[PDB]
Structures are given as C-alpha cells and as structure tokens.
Amino acid sequence: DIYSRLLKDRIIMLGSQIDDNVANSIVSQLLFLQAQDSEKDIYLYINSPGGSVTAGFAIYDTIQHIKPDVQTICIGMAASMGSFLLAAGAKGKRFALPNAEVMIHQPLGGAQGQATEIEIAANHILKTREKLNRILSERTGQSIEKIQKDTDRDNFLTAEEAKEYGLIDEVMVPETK
Amino acid sequence: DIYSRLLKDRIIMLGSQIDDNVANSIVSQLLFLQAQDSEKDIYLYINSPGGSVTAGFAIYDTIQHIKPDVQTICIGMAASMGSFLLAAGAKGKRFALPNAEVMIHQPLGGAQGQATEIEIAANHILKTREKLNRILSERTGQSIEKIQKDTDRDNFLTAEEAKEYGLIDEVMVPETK
Amino acid sequence: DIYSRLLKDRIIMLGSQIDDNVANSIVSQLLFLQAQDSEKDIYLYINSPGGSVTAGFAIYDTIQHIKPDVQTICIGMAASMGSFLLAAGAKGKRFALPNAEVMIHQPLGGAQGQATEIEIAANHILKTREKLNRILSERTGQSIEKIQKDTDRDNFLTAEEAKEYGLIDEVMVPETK
Amino acid sequence: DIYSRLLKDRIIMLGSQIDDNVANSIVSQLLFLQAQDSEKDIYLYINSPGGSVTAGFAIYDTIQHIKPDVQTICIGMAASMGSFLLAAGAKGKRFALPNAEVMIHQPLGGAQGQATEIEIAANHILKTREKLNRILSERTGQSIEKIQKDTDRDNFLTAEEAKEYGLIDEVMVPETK
Amino acid sequence: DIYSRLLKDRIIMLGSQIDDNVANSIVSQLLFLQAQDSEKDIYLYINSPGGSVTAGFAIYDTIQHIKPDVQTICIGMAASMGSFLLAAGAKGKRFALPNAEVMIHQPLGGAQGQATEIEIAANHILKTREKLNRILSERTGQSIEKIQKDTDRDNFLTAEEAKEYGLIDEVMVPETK
Amino acid sequence: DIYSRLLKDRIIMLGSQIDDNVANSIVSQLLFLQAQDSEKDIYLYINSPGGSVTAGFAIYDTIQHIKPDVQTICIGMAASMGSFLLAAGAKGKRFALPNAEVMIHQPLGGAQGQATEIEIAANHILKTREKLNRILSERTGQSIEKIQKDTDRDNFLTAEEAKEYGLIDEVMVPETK
Amino acid sequence: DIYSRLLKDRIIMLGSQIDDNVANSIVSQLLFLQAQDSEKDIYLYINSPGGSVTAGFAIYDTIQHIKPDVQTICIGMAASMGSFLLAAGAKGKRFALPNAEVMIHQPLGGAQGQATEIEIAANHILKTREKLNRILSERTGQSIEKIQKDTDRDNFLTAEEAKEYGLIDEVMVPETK
Amino acid sequence: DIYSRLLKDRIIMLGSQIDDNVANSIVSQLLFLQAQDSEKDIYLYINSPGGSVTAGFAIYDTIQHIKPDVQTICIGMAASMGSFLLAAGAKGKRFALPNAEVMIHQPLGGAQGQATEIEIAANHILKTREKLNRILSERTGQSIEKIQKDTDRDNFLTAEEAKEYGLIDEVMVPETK
Amino acid sequence: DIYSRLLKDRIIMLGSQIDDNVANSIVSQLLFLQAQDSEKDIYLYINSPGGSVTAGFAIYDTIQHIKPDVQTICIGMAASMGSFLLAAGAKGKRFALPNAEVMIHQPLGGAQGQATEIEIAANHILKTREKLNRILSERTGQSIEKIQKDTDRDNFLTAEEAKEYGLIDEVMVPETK
Ligand SMILES: CC(C)C[C@H](NC(=O)[C@H](Cc1c[nH]c2ccccc12)NC(=O)c1cc(Cl)ccc1Cl)B(O)O
Ligand SMILES: CC(C)C[C@H](NC(=O)[C@H](Cc1c[nH]c2ccccc12)NC(=O)c1cc(Cl)ccc1Cl)B(O)O
Ligand SMILES: CC(C)C[C@H](NC(=O)[C@H](Cc1c[nH]c2ccccc12)NC(=O)c1cc(Cl)ccc1Cl)B(O)O
Ligand SMILES: CC(C)C[C@H](NC(=O)[C@H](Cc1c[nH]c2ccccc12)NC(=O)c1cc(Cl)ccc1Cl)B(O)O
Ligand SMILES: CC(C)C[C@H](NC(=O)[C@H](Cc1c[nH]c2ccccc12)NC(=O)c1cc(Cl)ccc1Cl)B(O)O
Ligand SMILES: CC(C)C[C@H](NC(=O)[C@H](Cc1c[nH]c2ccccc12)NC(=O)c1cc(Cl)ccc1Cl)B(O)O
Ligand SMILES: CC(C)C[C@H](NC(=O)[C@H](Cc1c[nH]c2ccccc12)NC(=O)c1cc(Cl)ccc1Cl)B(O)O
Ligand SMILES: CC(C)C[C@H](NC(=O)[C@H](Cc1c[nH]c2ccccc12)NC(=O)c1cc(Cl)ccc1Cl)B(O)O
Ligand SMILES: CC(C)C[C@H](NC(=O)[C@H](Cc1c[nH]c2ccccc12)NC(=O)c1cc(Cl)ccc1Cl)B(O)O
C-alpha cells in the first residue's frame, strides 16, 4: 500500500537519502521478511543519492547477517552509500537497469573545535575510509589502492562500467520481470 | 506496522537521538512486552548517536527493573548514551554487528546565569559524570579512573574493541538470524 | 497503542513538559480510569522537566479528588512541577527508580507593564509560592521554612535523597515488574 | 478517545484559550449531548486562560439555551472569559477544585486607523464591558459598580474567595468522583 | 551646503516626513534665523507627506511665536501635517507652485490594551482632532463643520482649489524667483 | 567634488530614481544657481528611471519658475518622470545623446481599504493622469488623446523618435562639449 | 551647526526619547555651558515622549546642580520623563508653547526570573515611583497622593492645564523671540 | 566636542555599557590626561549599567596606576561594574548626585561544552567573584562575607545608602558646579 | 585623537579581537613608529581576547623585526593570541597590571569536506600548534611538553602566576605612570 503490497512479494524500496530513520525502516523490513521466511530471496531496489556511513552500515551488516539472499537492483542512481549497498547484494544477484547510474567517491565530513578534537575527527574519518575501501575492494575484486584512487573525487559509471568494475553482476535486459 | 509487527516478536528498534519522547516510547514498549510475557527475552536494537542523560536513565532503569532479559544489539552506531544502553543489556546478551561502531565520551551541557547558578550547574553535571562512570565501571569491568580518562575526548571503538572493552559480549557473525 | 494498551493496565505516562494540553490529557485519563473502576489503583509514571503551575494543579487536584489510589513512579527525572506531582501520589505508593533524578526549586515567571501591574504579578507569584510550599510541607513532613530555603535555587536530589526528604516513600528495586 | 469516551458520560473538556475553533467544538458538543438526552446534566471542565469575547459568548448562550443543566467545574485556572464561563453554569452546580485559580479583569483590545475608526472601536469595547459587567452581576449577586471596580486590573481569587464572590457555589472536596 | 548656503538666504527646506528629528531641525533653523535677524522674512519650502501631530505642533507654534514673517511655499505635495504647516505661514504670504498638490484629512492613530486605556487613547485623539479642526478653520476662513466634513477621508486639492479653500493666498506664477 | 565642482559650471546631475530626497536636492541646486546668477543658463543632465509624481512636479515647477533657461540633456535613459522632466527644459534646449533611450507610460499606484477609499485613490490617480497628459501635450505639440493612447503601455523611443515626438529639440552630435 | 550654533546662545535642544546616550549628551552640554559662564541662564527646549528613568535623573540632578538657571521650554510634547524634566526648570522659568501637550503617567518596566527576583524588581520600581511622585510633588505643589492617582493611567494636559497643574509657570505668547 | 571640550577640563564621561571598546577609550583618555599633567585631578562621571569584568578591570587598574587623583561622580545609575568603578575613585573624592542610583550584584556568565570545560568556567567565575569581593571590601570597609551576602541578588542603593555602605564618600549637593 | 595623540607618545592600543584588519593597523603603526625613530621604545597595550593565528603572527614577527624594543603591557585580559603577543614583548619589558587576567589554551579550528581535505586541515593545525608551543617555550623558559600539557584546556592565570610562568617579567605597581 503501495509498498506494503510489494512487501508481500519480498520487495523493499530504498528510494531516498540513507539516514538513521531510513536505515531503521530498511533493517526492520529485512528482519521481518526473514521472520516470515528465512529461505526465499529478498529483492532490494536502490535509487539513492547516499547518506550516513553508520546508517549505511546498519543496512549492510543486516544484509550480510540474515539467511536469505538479498538481491540488489539499481534503478536510476546509486551513489555514495547507495552504490556501497548495491555492491553488498548476494554475489551473482546484483543488478542495474541499463540506464541506471552508479557513483563512487570517498567519504565527507566535518570537524570543529580544539586542535586535539579536530585530530580525533580526522583520524576517525581516515580509519572509516580505509574500512570502506577494504570492504568495497572485497565486494568488487579490485585492489584497495584502485578503490582509493578511483574514489579520490566523484567517479560516475554507467551500468556497463559498474559491471566491468565488479559493483554489479549483470545489466538487466527487458522482456522479463 | 512495520515496528508494530516486529513488536509481536518482542523486538524494539531504537534508531535515533534519545530525547524524552523516544525514552517514553521505549519505556512503554518495555512495559508492554513484560505485561504480555514476563519470562521471554526482549530484543533491543540500538542505532543511536546518543541523547539526554535523564531520558537515557529512564530507559536504563526500566531495562534493569523488568523481569525479562533485555538483549541489546548494536547495528550501525551506538555513541554516547547509545553505548551506555548497549552496555546495559543482560550480561552475556549484549551484541554488536561486525561493522557497527561504538563511541564513548564524557557528558556535555550548558550553564548561564549568576556565578552561584553556574556553580550549581557545574556541580550537578560533575556528579552526573561520577554516576555514569560508576555504572559503566560496574557494567564493563573497567575501573572508574580508566573510564574517566578514556572518555575525556571522543573514543571510537570497533565492535571487537567494544567486546574487549566489556561494553558487549559477542560480535555477531552471519548465517544466523 | 502503545499508551492505549498501557491505559488498559491503568498505567498513565507523563513524559513531557506540563502545559494545559498535557494537563487536559492526564486529567481525562484519570477521569476515564475512575469511571472504568473506582477501586483499582492507577499507576502514574513521571519523567518531566516541569511546566505550568496551574496546569500542574489541575493534575494535582484531580489526583487527590478521585477515589482510586494513584501511585507515582519517577523514571528519569521529576523536576519542578514534575517533582510536585511525584510527591502527590498516595502516601506509601510514591516511588523512584534507582537512578532517577528529582529536582525542586522556587517558581519562575515574568511581568511587564505599569508599576501597578508589576506589583500585581509579583504579589500573585509570591502567594503562589507560599501555597506550593504549604502543600509540599504537608506531603513531605518538612517545615515550610525549610522548603523555602531548600528551593531558593535549583536543588537536585538522588532517589535516595528524595526518600529521606519525603518526596517519595521507596526506591524501587529490580527483580519485580 | 480519550475525549470521545468521556463525552459518552456527558463530559466536555475546555482546556485551552477560547477562540472561534474552540467555541465551535464546545457548542457542537453541547448541541450533540442535548440531542442525545435533553434531561441529564452536562459536565463542563474548565481550565482556560480566557480568549475572545464573542467566542466566549457563543459558548455562554448555548449553555443558557439548552434544556440540560450544565455543571461547571474549575480545574487549574479559570481566567478572564474562562471565569465568565465558570459563573455561567447552572446555579448550585458551579464548582472549583481546592487549589484551582480564578481570575477576573476587564476586556482588552486594539484599534488602528482614522480618529473616527478609533472612536468606533472604543465605544464598542466600552459597551462590551458594560454587557459583561451586567451579566456577571446577575450571575454573582455583586453590584455592577463593584464588578467595575474589581476588574479594573487583574484580580486573582482562590477557590474559596471565588465562592465568597459568587462565581462558584462550592469548593469540591475529595473522596467523591 | 547645499542647504546651509540656502540658509544664508533665510530659506529652510522641509522636504520629508515630519517626525521629532525633522521638527527639531526646522525649529532650530527658525530660532537661528531670528537670532540672526528678527525682522527679515523667512522662506519655508514644504514638500512633505505629513507626519506626527506633536512634531508638527512644535513647528507650528515656533512659526507663530517668532517675530519674522514666515512665508510658506508648497512645491510638489503638502499633505496632512504638511498642508497644516502650509496654512500656518504669514497670511498673504502662503504660496503653491501651479502643479503642487495639497491634501487634507483627519488624524490617524492606534490604541491597544485594556478597555479603559483604549478609551483614554480615543478621547485624546478626538480632542486632538477638534483642536486641529479649530485651528485650520481659523487659518482658512472656513467653518469648523466644513473642516470636519472635508477631512473625513483623504481630500486632494489642486493649487487653485487650495487658494479657493483658504489654505494658500496665491498660486505662484513663473518668470519671478 | 565632483558634483560640487560641476555646480560652479551650472551643471546639475539627475542620475537616479526621483523621490522626495532627490527632488529636494535638485530644487535646492536650482534655487542656489539662480541665487548666484539669474541670467546664465543651467544644465540639467538626466539619467533616471523615473519616480514619484509629486517629487517630479516639485522639480518641474521649480524649473519653470526660475529665471534662467534650464537646458535638459538625456544621457542613458529618461523614463517615466525622467522623460517628463526632459520635456520640461527650455524650448529649443532639450537634448538627447545619440544612444539615449526615452520611455513614456501612464502612472502607476496602489490603494487598499474600504470601497470608498479605493474610489478616492482611483479618482485621484486618474485626475493626475489627465494633468500629466495635458502638460506633456503643451510641451510636445501632440494632442492629449494621442498621449493617452501612446502611454497606455510602456512606449520606448529612440533619441530620434523622441525628437520627432516633440519631447526634445535636437539629438546632440559629438565634436562639441 | 545647527545645534552647535544654538549652543553659542546657551540653547540645548532635547528632541527625542531619553536614553543613556541622549542623557550624556545633555549632561555634557549643561557642563559645557556652566564652564563658559556660570552666571547666564541656559535654555532647554523639550520635545520628548519620555525615556529611561535613570537617564532622566542624570539630566535632572545636573540641572539642579549647576549654578546657572535652566529654563525649560516645551514645544510639541513633553510626555513621561519629558514632563518630569519640564517641571525641573528654574521656578518661574518653565514654559510651554500654546499648542504643546504635556502628559504624565506612572513608570513602566519588566521583570522575569524566579519569584524572589521578580519581588526584587517589583520593590525597586515601586520605590522608584514613590521617589518620582515625591519630587514631582515638590516641583508642582500637588500632594503625593494626588500625583499617585493622576498618573495611574495616561493623563494628557494642555499648556494651560500644565500651568494650573504646577508643571510650568507660563504659557508662551507670540511676538516675543 | 562636546566630550573633547570637556576633556580639556580633565572631565571623562563614562555613559554606557562597559565593553572592550569603551574600556579602551576610557584608558586612553586617562593615559592622555596624565601625559598632559601628572598632578591635576581627573573627573570621571559614571552613568553605566555595567559591563565586562575584564574591561572594567582595565579601567580600574589604570585608575589606580596613574598619578592624578581620579574623582568619580555617579549621575543617574552606577550598577554592577559601574558601581565597582565608582568605588574605585580616590578616597574622599567619590561622589553621587542626590537622585542617582547604585546597584551591586554578583557576576553573571555562561558555559557550554564538556563537563570538564563547564567545571573550568565555573571555577574561573567563582575565583573572579572572590577577587571582586576582596577588592570591594578594601574600597568600602565592609567585610568580604557581608559583600558576599549583599550581592547574592540585585541590591539597589540610594545615594545616601551608598555613602553609608562605603561605595562613595559624599552626596553632592547643589549651588556648586 | 584620542589614539593618534597617544601614538605620538609611541603608544599603541590593542583592545579587540585580533583579525586581519586589526593586525594591519597594528603592523602599520609599528612600521610608522620605527620610521619616525628607530631607537626609542614602543608601548603596546594589550586587552584582547585573542583571534586569528596568522593575524597574530603578522603582529608577532613585526615586533621581532623592527629595531625598537616593544614593551607589552597587559590591561584587563590577554587571552589566547593576546597572551602570545604579551610574551612577545622585549624581555624585561613585559608587564601586566595587578588585576589583569592571562589565559593560554590550544588553537581551535574547523574543517569540512572530503576525508583528504579534513586530513590536510588537521595536519596543518597540529603543525601550527607545535609551532606555537615552540615559540612560547623560547619566550617563557618552559618546556614544550609543559606548554603542551598546560594548554590542553583553557588555563587562566593571575598576573602573578603569569610572572611565575614566564609570560611577563613584572607586575606593574602604582605611584608611577
Ligand atoms: C563514501 C560513501 C560510502 C559515504 C558518504 N557518506 C559520508 O561521506 C559521511 C558519513 C560520515 C562518516 N564519517 C563522518 C564524520 C563526520 C561526519 C560525517 C561522517 N557523511 C555524510 O554524508 C554526512 C555528513 C554530515 Cl557533516 C552530516 C550528515 C551526513 Cl549523511 B555518501 O555521500 O553517501
Ligand atoms: C556521556 C553520555 C552518556 C551522554 C551525552 N548526553 C549529555 O552529555 C547531556 C545530558 C545532560 C546531563 N547534564 C546536563 C546539564 C545541562 C545540559 C545537558 C545535560 N546533554 C546533552 O547531550 C544535551 C545538552 C543540551 Cl544543552 C541539550 C540537550 C541535550 Cl540531549 B550524549 O552525547 O549522548
Ligand atoms: C516551582 C515549580 C513547582 C513550578 C515551575 N513552574 C513555574 O515556575 C511558573 C508557572 C507560573 C506560576 N506563576 C506564574 C506567573 C507568571 C508566569 C508563569 C507563572 N511558570 C513557568 O514555568 C512558565 C513561565 C512563563 Cl513566563 C511561561 C510559561 C511557563 Cl510554564 B517549574 O519550572 O515547573
Ligand atoms: C474580560 C474577559 C471576559 C475577556 C478577555 N477577552 C478580551 O478582552 C477581548 C475580546 C474582544 C472584545 N472586544 C474586542 C475589541 C477588539 C479586540 C478584541 C476584543 N480580546 C482578546 O482577548 C483578544 C484581543 C486581540 Cl487584539 C486579539 C485576540 C484576542 Cl482573543 B480575556 O482576556 O479572556
Ligand atoms: C491630520 C494631520 C494634520 C496629521 C496626521 N498625523 C497623525 O494623524 C497622527 C499623530 C497622532 C495624533 N494623535 C495620535 C495618537 C496615537 C498615535 C498617533 C497620533 N499620527 C501619525 O501620523 C502616526 C501614527 C503612529 Cl501609530 C505612528 C507615527 C505617526 Cl506619524 B498626518 O498624516 O500628517
Ligand atoms: C507617468 C510618470 C510620469 C510617473 C510614474 N510615477 C507614478 O506612476 C506614481 C506616483 C503616483 C501618482 N499617484 C499615485 C498614487 C498612488 C501611488 C503612487 C502614485 N507612483 C510610483 O511610481 C510609485 C508607486 C508606489 Cl505604490 C510607491 C512609490 C512610487 Cl514612486 B513613473 O514610473 O516614473
Ligand atoms: C514615569 C516617567 C517619569 C518615566 C517613564 N520611564 C519608565 O517608565 C521606565 C524606566 C524604568 C524604571 N524602572 C524600571 C524597571 C525595569 C525597566 C525599566 C524601568 N522604563 C521605560 O520606559 C523602559 C522600560 C524598558 Cl523594559 C526598557 C527601556 C525603558 Cl526606557 B516614561 O515613559 O518616560
Ligand atoms: C558583578 C559585576 C562587578 C560585573 C557584572 N559583569 C559580569 O557579571 C560578567 C563578566 C564575566 C566575568 N566572568 C565571566 C565568565 C564568562 C562570561 C562573562 C564573565 N559578564 C557579563 O556581564 C557578560 C556575560 C556574557 Cl555571557 C557576555 C557579555 C557580558 Cl558583559 B555586571 O553585570 O556588570
Ligand atoms: C592558541 C592561540 C595562540 C590562538 C587562538 N586562535 C585560533 O585558535 C585559530 C586560528 C587558526 C589557526 N589554524 C586554523 C585553522 C582553521 C581555522 C582557524 C585556525 N582560529 C580562531 O580563533 C578562528 C577559527 C575560525 Cl573557524 C574562524 C575565525 C577564527 Cl579567529 B585564539 O583563541 O586566540
């Protein structure tokens, strides 16, 4: 209704910025679908400009953790945290529509206060970047140094280039649902 | 609905800042579940950057007060009051997902007025800090003096570090709901 | 729902500032529960930073007026008008959770206009303070003179200190709902 | 619900400023309860700081018009138009709770524009004052001159003094609903 | 400079709204010019949309009081208080340029607060209107009831109609300074 | 300085919107230059988008009243009241530079209040429009009816079109000062 | 310049609200004139709607303190602190122009904070009102209780009424500088 | 000019809040006057509602440091830091005009940030209070414990009470400059 | 004037936050006093809450560069960069008045953008901190580690403690200019 009816078909729509509210809703729907049936696939549609790293990791870890395969399907755009969750779907079941776009880039943040507070914030966001680089590296088959170089600034990829990159497994063609 | 549906499985989702409204909601849900069944465990997911000390304590004392064990599960991030409540779960039943982050730091506040009013407010927040340090020492095994030094500035912990710190008992591995 | 299902258990949640809207809601629930059953206790949980004196008195006089005993349970914080209503529960049925805070202080207000109007507002808030002191004297056993001195500025009390002051009867211990 | 449930016991809750929207709701509820039963009393609880004179008169005249007796019960504060509606209840059935506050004062207003516009607005509010004094006189037994003098500035009354004045008939004592 | 140079020729320019600042400056210039020479005429140019009644009366009474004849010359527009000061120049020496405009209308004000404060405000602005009607009546040769009727709303007069009205003595024609 | 130094050359610069302050300055400069010499020409440069009708008539009538010829020279733009004041210069001495623009249109205004107030304001602005049409008719040799039609909406003219219209006498050619 | 030239004639223009800056300016001018000549009178024109009590008292006591007589001359309006200073001129040398208005009323202020702070502010402004009443009684010949009643609300006086009240000595007539 | 011409008479005017800008001006004037003449008295008039403690101490220490005696004359009001500087003038040369007010109270401030920053700010402002109490003790002959209690809240003093307190030496009486 | 005349006594007044405008002014005054005379001492008064590090370094290095000794005199408060410039005065000629305040603390900053930008900003302010510690160490005789530890949070010092610390050479006593 309309999402509630698609939920009955094990479909979840991720169609916005990823903040704490959106993460909790997505995680709750993943938990629910598994409680309903722990074997059948889940279908996660992603059209998102990104969002918070920790909200993204709530979703990522919940995907990794439950028993069902979570298929990921990029429609429109999956950028930043959105392309991270796209790459998080079950290997072999990560898709993009032919004109969907994918963007990857390094994390952003802020820091204010005493020199020692700024340095704690700096160190924390550097450690977070290395963790993201490492995980995306394992999700894509790329080296860590390739991820670091390719995310230094915004890096826009077509569906076909995202497949060659390893972020998705197949570009979805029409005539099938 | 979707949280109403998870509530039938005795799951509470704490996914935001902890203000007085959030705290009454969590407290009410804790009371509701005990009233339906005072023996079965409750599952409290925490994704929270923290919030008010007194709202936190409404949740904390209610967790300790009811008969059911309250399992705490950190997804994404438990910072500040979020990690105090994470530590507050039933011992042996405090978890974090593998990429969740935990952060601890001393309390923050504000004071304006006459010198004597500012002294009253300084004395109250120092006493609040001694009360928080004492309870976290009891919950983790760290000494009060170590809690004091370790919370002087922001202190970010991975899941495994939260385990060794004593804030949780196990890092959750996948292949199990 | 969630408060509605707790209502069925004769539980009323007071978890915000006390204004006219909040007071009207709490009086109604009290009135409602007496109509349902005039003998069975009511349970009033208090987490409030205070609020309006006249709205508080609407709750106070309604609590004293109905037949059911109204138990007061402080979770988190009962400050200012919050702690006055905490002290207003049936004697022997006024509680605080072990880490809840209680605070008492004199009333605050404002006045603007002609010298004559400022005098009228000052006289009114002073008489209101004497009325509050007299009632709190009756509820706690402390003398009016001691309440006057102890509320001159903000006075924060632990649960145990609130018991020795007479604001509550017991600190509630765990292992019981 | 919660007010709908109490309306089935012929209770109406007036707990805000009296404006046009509030007056329509109160008038409607009065009209509705008469329609259901034109003989049984109605219970109007009043916790109001006052409000619009014409909105107040919509309520006042509806109280006088309908067949049922309308008991007024002051909880918290009946100020300005609030206290006028308090005096409007059926004689013998006008109550205040022991610590409720009653306030009377003359009407306030504003005028802007040409001198003749300002004169028209002044004459209208002076006439309105004489109408209100004349009615409060019939309702209380005080003379118009005494009302005139006693409302020149804000006049705060305890529940007992409001009884001595004629605004209410009885202070309500406990051990009864 | 440029006004200071014209001041040496005994010319004052009133070219703005009449507030207390402007009145103080015009009055100071009148006092100065008389101090320089108490017998030669002064030339007051008026282009003004009006302003405060009391600021206007500061200027009016200073014109009436000093020894020199004050000639008044309307250029552009003299409305409200501006047409009052125009009519206040020495009889026989009040002028308008051929296309200048004159407007007369009743005073405007505001009033807020208690009925008795609004009535004092109304009474004062009505007495002020009668005083203005009376003085303008004597300046123009019209009856008081004619002034009252013609100022009920905004009343725009050409220079020629201002001369027939009595507000000015001659329409100034060209080829002279 | 630098305008003050052009003043000693009998040059006035009108380079902005015409309000009461600007009219005051221009009138004062006109009075001042006649004071210095009643015979020699004045030179009024006009680059103005227009402005207030009454402020414009203060300048217009002062131009007409004084003894010296006032030459008018359009540089850049003379629109609305600016082109009215361009046409006001001494006949035979009204100029535009080759690329100057002139614009004529009917007056604009506003009104709010009671129907009879709106009628007073409408009648006043229609009457002002007939006065402006008649003066421009005398200044240009065009008939009032043709002014009426040609000003119904914004009517932009080149310098050559303004000379054919009668608004200026000559388009000023270079090689002279 | 223009006030600097008038200061050469020992004239001070008080033409605005009385705030601390205005008061320091007036006080400095008073001291300046005494320093040039401690024997010749000073002329203080007052057109003022009032202002701060303590800034008024800085002017007042300085007027009383210096050797020169200070003549007070009301043009336009002396209201509130303005009429207190008018009354403060050297006896026999307090004037108003014939259409000047004088207004007297009780002081206004504001208080917010704790009951005891509001009591302190109420007490200070009542004692300030008794001080102002006592001095106005001495300057006018009215008894303190008549001042008290007459300033309860705004009390507008003509020049002749201000003379009969004792606030000035003479109404100024024309034909004299 | 006007303050400039008073400066030549060794008169300094302190008539506003005391911030760094004001303090820098007053210190400069004091330094300047000492350079001109190290032996002749300086006259410092005070009409100030107070201001910053450190800016005040910049003025205070400069007054004690220079050779010339600095007379302090309170006109209007010396409150807070204003009354501290009043008490700082050369003993026997500290004055108030008869209707000037004096007010003393404890310092006010604000703190925001971590618990340990709030503690640092509280300790600082308390130490500052003790330093001010000790110095006022020396300036007035009152004990520290009596200043502590008498400044707990706003303490308004007449000129006569300020003399009995020791804040000034004499009330200045008229017929002397 | 008043600062221009003090400048002829080779005095400079630093009495505000230190930004680029203030630094340019101070640097220029130093450059100008050296131009006038390269041997006579300069007197820099400091009442500053601090400000920009690079602005302060513009002043610091100019003090070190010019020929004359630059004496520094703390009046009121030298905080942050203020206390750094205080220590920058010629050794043996760094003073504080007896009640002046000195405060030292570490630098503060802000950073926003990509992780690599935040790292660049953190490294730059850490390097700035080591530079400031190193200079203050040479200026005071304290070790860098002690400076480091003593500036971790705001550190307030009396004038006497600033002497003991090595920020100044003497506390200035009175009876001397
Ligand atoms: C690279 C990609 C996989 C993730 C991107 N998200 C981010 O880069 C980071 C989240 C983050 C990590 N460490 C931080 C330290 C301080 C602040 C924020 C952060 N933050 C934001 O976007 C952001 C920043 C602010 Cl200040 C407020 C709200 C948000 Cl949501 B993306 O664009 O989806
Ligand atoms: C250490 C950790 C377990 C708690 C942290 N919470 C806090 O530190 C404190 C709550 C508090 C305790 N005593 C106070 C005295 C004055 C003001 C606030 C407080 N306050 C805030 O956070 C805050 C502050 C303001 Cl002004 C407004 C709203 C909030 Cl909610 B965290 O970050 O979760
Ligand atoms: C001591 C304790 C038991 C009560 C405290 N409440 C109060 O002190 C008083 C209510 C009151 C009584 N007499 C008044 C006269 C004028 C204005 C307000 C009041 N007022 C406020 O709090 C307040 C004040 C304003 Cl201006 C606006 C909104 C509110 Cl709600 B606490 O903090 O709970
Ligand atoms: C004496 C008592 C029984 C009633 C009081 N109500 C009033 O005095 C009057 C209503 C009124 C009557 N004649 C008027 C003429 C002009 C404007 C308002 C009015 N007005 C307000 O209250 C008010 C005023 C404004 Cl401007 C805006 C909104 C409101 Cl709601 B009380 O305080 O309950
Ligand atoms: C008829 C004509 C000769 C004068 C006109 N002036 C006025 O009508 C009156 C001044 C006045 C007299 N008694 C009052 C009572 C209350 C308020 C204002 C007034 N007031 C304003 O214009 C106005 C009003 C406000 Cl609220 C603020 C600023 C101003 Cl300046 B005109 O248009 O020149
Ligand atoms: C045809 C040409 C020679 C004049 C044009 N000026 C105008 O048309 C008129 C001035 C005017 C006359 N009678 C009025 C009645 C009500 C309001 C304004 C007016 N008004 C404005 O321009 C305007 C309008 C407002 Cl609402 C505010 C400020 C101004 Cl200045 B032009 O464009 O130079
Ligand atoms: C009766 C007559 C001779 C004086 C009148 N002045 C006043 O009545 C009083 C000054 C005053 C005395 N005790 C106070 C306590 C609190 C606040 C203000 C005051 N205050 C204001 O007017 C006002 C009020 C505020 Cl909040 C701010 C700025 C001002 Cl300037 B009048 O109208 O000239
Ligand atoms: C008792 C009397 C002799 C002085 C009073 N001044 C003060 O009490 C203090 C100054 C001060 C001392 N230690 C502080 C610590 C933190 C902040 C301020 C301070 N502060 C203010 O006044 C204030 C406060 C703020 Cl937040 C902003 C601007 C100012 Cl200027 B009075 O009223 O003259
Ligand atoms: C330790 C002491 C000797 C100096 C202190 N000054 C500072 O700490 C630093 C200046 C600075 C150095 N490196 C930076 C990197 C990023 C931003 C600012 C800085 N910055 C501010 O003060 C500040 C900060 C902002 Cl964001 C805006 C305006 C200012 Cl002016 B103090 O308090 O005098």
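Just the heavy atoms: all of them, side chains too, but no hydrogens, waters or symmetry mates, feed the values below. Labels below follow one simple rule: chain letters A, B, ... track the order of the sequence lines, proteins then strands, and each chain is numbered from 1.
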Interface residues of residues 29-52 of chain H facing chain G - non-hydrogen atoms under 4.5 Å apart | H:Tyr45, H:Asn47, H:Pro49
Within a radius of less than 6.0 Å around [atom1] of [X], do more than 12 heavy atoms belonging to other residues, nucleotides or ligands occur?
X	atom1	answer
H:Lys91	NZ	yes
G:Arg5	CZ	no
G:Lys149	NZ	no
G:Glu161	CD	yes
G:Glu117	CD	yes
G:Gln112	CD	no

State plainly whether the residues H:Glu101 and G:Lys127 are in salt-bridge range, i.e. N to O under 4.0 Å.
->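 Judged by the 4.0 Å cut-off on N to carboxylate O distance, H:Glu101 and G:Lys127 do not form a salt bridge.
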Determine the option with the most heavy-atom pairs under 4.5 angstrom with chain H, choosing from G:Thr128, G:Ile120, G:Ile66.
->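 Top count of heavy-atom pairs under 4.5 Å with chain H: G:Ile120.
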Top contributor to chain H interface from G:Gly56, G:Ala23, G:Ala55, G:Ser28 [non-hydrogen pairs under 4.5 Å] =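 Looking at each of G:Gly56, G:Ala23, G:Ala55, G:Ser28 in turn, G:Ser28 comes out on top.
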Is there any salt bridge (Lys or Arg N to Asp or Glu O under 4.0 Å) pair reaching into residues 17-30 of chain G, and which pairs are they, with sequence neighbours excluded?
-> none
Heavy-atom pair count under 4.5 Å with chain G, highest-scoring of H:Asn99, H:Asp154, H:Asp1, H:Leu97 = H:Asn99
Taking C-beta and beyond as the side chain, do [X] and [Y] meet within less than 4.5 Å on heavy atoms?
X	Y	result
G:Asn123	H:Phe156	no
H:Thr176	G:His65	yes
G:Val27	H:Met13	yes

G:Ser25 versus chain H, the contacting section by heavy-atom distance below 4.5 Å =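 For G:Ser25, heavy atoms of backbone and side chain both lie under 4.5 Å from chain H.
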What part of G:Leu7 gets closer than 4.5 Å to chain H, counting heavy atoms only: side chain, backbone, both or neither?
-> side chain
